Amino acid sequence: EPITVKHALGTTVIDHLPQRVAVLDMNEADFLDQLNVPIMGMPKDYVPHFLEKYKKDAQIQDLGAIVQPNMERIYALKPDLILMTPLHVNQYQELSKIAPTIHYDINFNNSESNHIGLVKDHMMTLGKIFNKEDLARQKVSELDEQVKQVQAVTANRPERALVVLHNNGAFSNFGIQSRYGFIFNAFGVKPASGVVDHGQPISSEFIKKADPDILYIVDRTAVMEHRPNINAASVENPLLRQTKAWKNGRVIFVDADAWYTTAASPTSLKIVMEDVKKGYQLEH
């Protein structure tokens, strides 16, 4: 019963159970970890904390950088399956030369529609390929329950939120049509701005007209420069500090590994939803 995967970049047929798997980003690595599927190679420049055991495991080949893994190292690893994503589209043809190559059908650029369904679909596809259908279906059920939990928290709440990305002292807003669109669409968070605009840098005019009751701050610099996450005392930005969210203590410094490095896999979405719920939590 060979599986045929018709994805965004072509069609991949898998006739045998793959045994030497290369994953090209950390979302994919989280899927296979969650399915208890061994990984033969992955990039290791930005391994999230919840995949820490993989950075240290010398039996897992380091393929280099997430954004552009080392094609020479991949070819040498002789994988029998490569998992890649929209980040690697420019390498798909070259990867498919080396091994059957699956593309994760997901939209990292604009997640406003069906983000959760696309994550679930991928999980079920991987469960079929690796003969882990029952465990795949369980993880899908868990994701569904988690989504119901955050939707129960956001339901009928009046608060409106911004998702803002910190980068080297600069802050930019990510709205309903951005990479964080799914926060609004999937989980029922109400956006503090609706106007469609890298993100929109925080200006005085913007924050005046889109003054959030809740603020989720994604610290990109903590990930990229491997530095600790900023906290309330790091924030110099006066526009952010005069918002209702800041005054009322509804500022969540999110788990940047789950929100920035991944954001499209079972462990990461679980964490994202816990962070979202903290934004609504009025008491300890």
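Residue numbers run from 1 along the displayed sequence.
According to the entry, the deposited sequence has 1 to 3 residues without coordinates between residue 197 and residue 198. Just going by the entry, 188-196 versus 149-157 on mean CA temperature factor gives the higher value to 188-196. The mean Cα B-factor in the deposited entry runs higher for 222-230 than for the other of 222-230 and 242-250.
Out of 31, 259, 50, 54, it is 54 whose C-alpha atom has the highest B-factor in the PDB entry. In this entry, the residue among 75, 171, 206, 182 with the greatest C-alpha B factor is 75. Among the modelled residues of its chain, residue 255 has a C-alpha B-factor that falls in the lowest third, as given in the PDB entry. Ranked by Cα temperature factor within the chain, residue 116 sits in the middle third according to the deposited record. When the modelled residues of the chain are ordered by their C-alpha B factor, residue 85 lands in the lowest third. Residue 91: CA B factor in the highest third of modelled residues in this chain (values from the PDB entry). The PDB entry assigns residue 264 a C-alpha temperature factor belonging to the lowest third of its chain's modelled residues.
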